[PDB]
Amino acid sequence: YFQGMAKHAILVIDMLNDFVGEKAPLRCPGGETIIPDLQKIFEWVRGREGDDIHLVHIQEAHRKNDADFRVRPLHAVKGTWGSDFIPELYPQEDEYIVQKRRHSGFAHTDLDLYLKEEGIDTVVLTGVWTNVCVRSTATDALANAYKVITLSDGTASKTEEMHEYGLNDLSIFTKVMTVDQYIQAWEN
């Protein structure tokens, strides 16, 4: 996990205008709570010498569909504000961005390809919701022969109950650790 020529990708899953924040139209209540921890990890990674760690930003970007009775769908639509990353956790110029239309960051995307190209062996999961899109991305990373780390305080769900049971499922096949621990692990 940490030694050797280990190369890691931190995936940030759906920290978007639609979902995150008190005023969010599609608000996931858990998300606001993880922002400072995420900011902290962003700063640390950006600070770091070299690139043994990559930040990858994943956004739900559903296709615009005019053939719908409601004024807006209950998901983030591509090209909109809601789809866009929150200013607090906005991507920086060199950072890869992935758009997805299904739960997993992998599904029908170029994430696996990015990961292969960059020689990445471990994915580390952050974002919302821990029990849905986060877990799905993890399952998929595992299925694609990546190692997986879930950051327990880097993830959140609609409810604290969901988050905890999500962590439980994640613990079965991923390594679960806090943000501080992950950082300390690299300090070695």
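Counting begins at 1, following the sequence as shown.
Averaged over their C-alpha atoms, the temperature factors of 44-52 and 142-150 are higher for 44-52.
The PDB entry records a higher mean C-alpha B factor for 21-29 than for its counterpart among 21-29 and 173-181.
Remark: of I35, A61, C133, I58, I35 shows the highest value [criterion: C-alpha B-factor in the PDB entry]. When the CA B factors of the chain's modelled residues are split into thirds, the value for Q99 lands in the lowest one. When the CA B factors of the chain's modelled residues are split into thirds, the value for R72 lands in the highest one.
Among all modelled residues in this chain, the alpha-carbon of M162 has a temperature factor (C-alpha) in the highest third.
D110: CA B factor in the lowest third of modelled residues in this chain (values from the PDB entry). The deposited CA B-factor of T155 belongs to the lowest third of values across its chain.
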